[PDB]
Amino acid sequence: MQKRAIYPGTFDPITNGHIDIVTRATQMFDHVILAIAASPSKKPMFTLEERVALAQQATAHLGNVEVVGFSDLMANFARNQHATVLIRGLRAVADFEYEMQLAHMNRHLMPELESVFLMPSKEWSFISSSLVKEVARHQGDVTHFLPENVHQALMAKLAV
């Protein structure tokens, strides 16, 4: 079986937790699409072009990762990408509840897209893009949670 999997999200910015999940996905599936949502409702810190470029560079060492931006409903994009596997990272209980609702909805929308939940390292089990940004905004050290290129862009973003 030559499986195409999709790993969607805002990735604003991509963290070491996302790198962990996408690395596990590439060791399991032949082709992994890391799909970055335009997500204008969330009003992201980084533009879609910035998020795509940051994720491309942070996953460049992974030969079977394709970084792409998308604005549709995830399931509409996934169907057009011929993906049958939907990657989700489960860190804790709060994730679980919302992720079950999304997975049942996604299954209603596209039954041929199977949601799979991967578990990150204990190291990234307590972080989110939101928390990292918040700590960074308040002059806290977030170097440990981010790829080098992402850390450099976050510093540059917060300086201006």
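Throughout, we count residues from 1 along the sequence that is shown. The term rigid core refers to the maximal set of C-alpha atoms that superpose within 1.5 Å between the two forms.
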For this session: Could you check whether 103 to 111 or 32 to 40 drifts more from the shown form in 9 other deposited structures of this protein, using RMS Cα distance once the core is superposed?
Result: 32 to 40
Exercise. Core fit done; bigger CA RMS in 9 other deposited structures of this protein for 54 to 62 or for 92 to 100?
Worked result: 92 to 100
Seminar exercise, completed: Per the PDB entry, mean CA B-factor is higher for 57 to 65 or 117 to 125, namely for 57 to 65
For this session: Compare the CA B factors listed in the entry for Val32, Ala35, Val93, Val135 and report the winner.
Result: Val93
Exercise. Where does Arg88 sit by CA temperature factor within its chain: lowest, middle or highest third?
Worked result: lowest
Exercise. Once the chain's modelled residues are ordered by C-alpha B factor and cut into thirds, is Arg51 in the lowest, middle or highest one?
Worked result: middle
Exercise. In terms of the chain's CA B-factor thirds, is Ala5 lowest, middle or highest?
Worked result: lowest
For this session: Report the third (lowest, middle or highest) to which the CA temperature factor of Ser41 belongs, ranking only the modelled residues of the same chain.
Result: highest
For this session: Going by the recorded CA B-factors, say which third of the chain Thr26 sits in, lowest, middle or highest.
Result: middle
